[PDB]
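In: Experimental structure and its sequence below.
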Amino acid sequence: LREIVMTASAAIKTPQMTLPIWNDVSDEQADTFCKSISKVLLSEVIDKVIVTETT
DNA sequence: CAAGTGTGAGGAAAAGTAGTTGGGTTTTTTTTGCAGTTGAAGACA
């Protein structure tokens, strides 16, 4: 309530956007779209990093 | 052997006052949350 009324902050702490999905949109299509929009960082795919510094 | 004028000081004491000190206040003139904002360096056409 403070984040709205008191500060009218243009930076919500947890900004969310709700998306209605068409009646025709399957649940499986919906999970595909959920994957399709979410961000994927390069870190998120790395398993191990080995640096062999030789000098 | 003796009696008789003139007279200077020595002495005492309670309270005060000295010396030496101190006390004594008096009197005294280690960010722990927040959101915003400016100015800055840097950068651009």
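Out: That came in fine, so what should we check first? Numbers count the residues shown, from 1 in each chain, chains lettered A, B, ... in the order given.
In: Run through the residues of chain A sitting next to DNA strand B.
Out: Within chain A, the positions lying close to DNA strand B (CB under 7 Å from any atom of the strand) are A:7, A:9, A:11. (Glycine included, C-beta is placed from N, CA and C.)
In: And whatever helix or strand residue A:32 lives in, how far out from the chain middle?
Out: Counting by DSSP states H and E, the element that carries residue A:32 is helix A:27-37. When C-alpha coordinates are averaged (CA atoms, centre = their mean, to the nearest Å), helix A:27-37 and its chain have centres 13 Å apart.
In: Tabulate the CA atom coordinates of it in PDB.
Out: C-alpha atoms of helix A:27-37 as PDB (Å, rounded to 0.1, in the frame of the first residue of the first chain):
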ATOM      1  CA  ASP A  27      -2.100 -26.000 -21.900                       C
ATOM      2  CA  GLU A  28       0.900 -27.600 -23.600                       C
ATOM      3  CA  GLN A  29       1.200 -24.700 -26.000                       C
ATOM      4  CA  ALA A  30       1.000 -22.600 -22.900                       C
ATOM      5  CA  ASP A  31       4.000 -24.300 -21.300                       C
ATOM      6  CA  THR A  32       5.900 -24.000 -24.600                       C
ATOM      7  CA  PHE A  33       5.200 -20.200 -24.600                       C
ATOM      8  CA  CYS A  34       6.200 -20.000 -20.900                       C
ATOM      9  CA  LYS A  35       9.600 -21.500 -21.900                       C
ATOM     10  CA  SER A  36       9.600 -19.300 -25.100                       C
ATOM     11  CA  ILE A  37       9.400 -16.000 -23.200                       C
END
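In: contacting residues around that helix?
Out: A:21, A:25 (CB atoms under 8 Å, 6 or more residues apart in numbering).
In: Residue of chain A closest to DNA strand B, please.
Out: When scored by CB to the nearest atom of the strand, chain A has residue A:7 as its residue closest to DNA strand B, at 5.1 Å.
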